[PDB]
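Chemist: I'd like to ask you about the structure that follows.
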Amino acid sequence: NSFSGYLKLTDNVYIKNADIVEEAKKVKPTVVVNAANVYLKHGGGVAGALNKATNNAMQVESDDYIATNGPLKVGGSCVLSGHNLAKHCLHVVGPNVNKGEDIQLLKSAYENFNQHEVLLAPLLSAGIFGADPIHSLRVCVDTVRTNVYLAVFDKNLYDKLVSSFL
Ligand SMILES: O=C(O)[C@@H]1CCC[C@@H]1c1ccc2cnccc2c1
C-alpha cells in the first residue's frame with residue numbers, strides 16, 4: 001500500500017507522527033476513522049479537523065444520518081462518505097472520560113476496525129476524550145487484527161507512545 005514513513009509496531013499496527021487530515025489528503029485511503037460522538041457533532045479534535053477539511057459536508061451528511069437513524073451507541077460506529085479525504089469515513093465512538101463514560105467500552109470501539117481490511121485512524125478516546133493514549137494504543141494492538149495506520153498529531157505524544165511501547 002501507499003502509506004509511507006510509519007513505524008511498524010506489530011504484524012498489523014503501524015504508527016506515524018502526522019496530521020490525520022494531511023495524511024488522508026495525501027493517501028486518499030479506503031477508510032479514514034473519525035473520533036466521533038454519538039450525535040455525530042463534529043466540533044473539535046479529530047472530528048472538527050476532518051469536518052473542516054470537508055468544508056462542512058461531513059456535518060451536513062451526518063445531520064441527515066442522525067435525523068434518520070438516531071444517535072450511535074458508545075462503542076459503536078457507522079460508515080459514511082469520506083468526501084474529499086477518503087472513500088469512506090468510519091465514525092467510531094470511543095468512551096469520553098470527560099463525560100464519565102466507561103473506558104471498558106474502548107475495546108468494543110476498536111472492534112469496529114476489524115470490519116475493514118485497512119484503515120487510517122487516530123487513537124480512540126485519547127486527546128479531548130480524556131483517556132490515557134498509552135492505554136488506547138495497547139487496546140488497539142490487542143483488539144484490531146486488520147491493518148491499521150495510526151496518525152498521532154502531537155510529536156511529543158508520538159515519541160512517548162513509541163518509547164513506552166511494549
Ligand atoms: O493524535 C494526537 O495527538 C491525539 C491523540 C488522539 C487524537 C489527538 C489529537 C490531537 C490534536 C489533533 C489535531 N488535529 C487533528 C487531529 C488531532 C488529534
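We label chains A, B, ... in the order they appear in the C-alpha cells, count residues from 1 in each chain, and number ligands from 1 in the order shown.
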Per residue of chain A within 10 Å of ligand 1, record the nearest atom pair and its distance in Å to one decimal, counting only C-alpha atoms and all ligand atoms, with rows in chain order and ascending residue number, as a tab-separated table.

Modeler:
residue	atom	partner	partner_atom_place_in_ligand_line	distance
A:16	CA	ligand 1	1 (O)	9.5
A:17	CA	ligand 1	1 (O)	7.8
A:18	CA	ligand 1	1 (O)	7.8
A:19	CA	ligand 1	15 (C)	5.5
A:20	CA	ligand 1	15 (C)	5.8
A:21	CA	ligand 1	15 (C)	6.6
A:22	CA	ligand 1	15 (C)	9.0
A:34	CA	ligand 1	16 (C)	9.5
A:35	CA	ligand 1	7 (C)	7.8
A:44	CA	ligand 1	13 (C)	8.6
A:45	CA	ligand 1	17 (C)	5.2
A:46	CA	ligand 1	16 (C)	4.0
A:47	CA	ligand 1	16 (C)	7.7
A:48	CA	ligand 1	15 (C)	8.0
A:49	CA	ligand 1	15 (C)	5.4
A:50	CA	ligand 1	15 (C)	7.4
A:121	CA	ligand 1	7 (C)	9.2
A:122	CA	ligand 1	7 (C)	5.5
A:123	CA	ligand 1	6 (C)	4.6
A:124	CA	ligand 1	6 (C)	6.2
A:125	CA	ligand 1	6 (C)	6.8
A:126	CA	ligand 1	6 (C)	4.2
A:127	CA	ligand 1	8 (C)	4.1
A:128	CA	ligand 1	8 (C)	7.0
A:129	CA	ligand 1	6 (C)	8.0
A:130	CA	ligand 1	6 (C)	9.1
A:131	CA	ligand 1	6 (C)	9.0
A:132	CA	ligand 1	5 (C)	9.1
A:133	CA	ligand 1	5 (C)	6.3
A:134	CA	ligand 1	5 (C)	9.6
A:136	CA	ligand 1	6 (C)	8.8
A:137	CA	ligand 1	5 (C)	9.7
A:150	CA	ligand 1	1 (O)	8.5
A:151	CA	ligand 1	1 (O)	6.1
A:152	CA	ligand 1	1 (O)	3.4
A:153	CA	ligand 1	3 (O)	3.6
A:154	CA	ligand 1	3 (O)	3.9
A:155	CA	ligand 1	3 (O)	7.3
A:156	CA	ligand 1	3 (O)	8.4
A:157	CA	ligand 1	3 (O)	6.3
A:158	CA	ligand 1	3 (O)	7.3

Chemist: Please identify every residue of segment 92-129 of chain A that has at least one atom no farther than 7 Å from an atom of segment 63-74 of chain A, counting only C-alpha atoms, and for each give the shortest atom pair and the distance in Å to one decimal, arranged by chain then increasing number, as a Markdown table.

Modeler:
| residue | atom | partner | partner_atom | distance |
| --- | --- | --- | --- | --- |
| A:93 | CA | A:74 | CA | 5.3 |
| A:94 | CA | A:74 | CA | 6.1 |
| A:95 | CA | A:74 | CA | 6.0 |

Chemist: A:81, A:143, A:1, A:62: which is nearest residue 112 of chain A, counting only C-alpha atoms?

Modeler: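 Looking at the shortest contact to residue 112 of chain A, the residue is A:143.
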
Chemist: Find the residues near residue 146 of chain A: any atom within 6 Å, counting only C-alpha atoms, skip ones fewer than 2 places away on the same chain, and give them as an MDAnalysis selection string.

Modeler: chainID A and resid 114 117 144

Chemist: Which residue is closest to residue 54 of chain A? Choose from A:5, A:82, A:75, A:100 and count only C-alpha atoms.

Modeler: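 Among the listed residues, A:82 lies closest to residue 54 of chain A.
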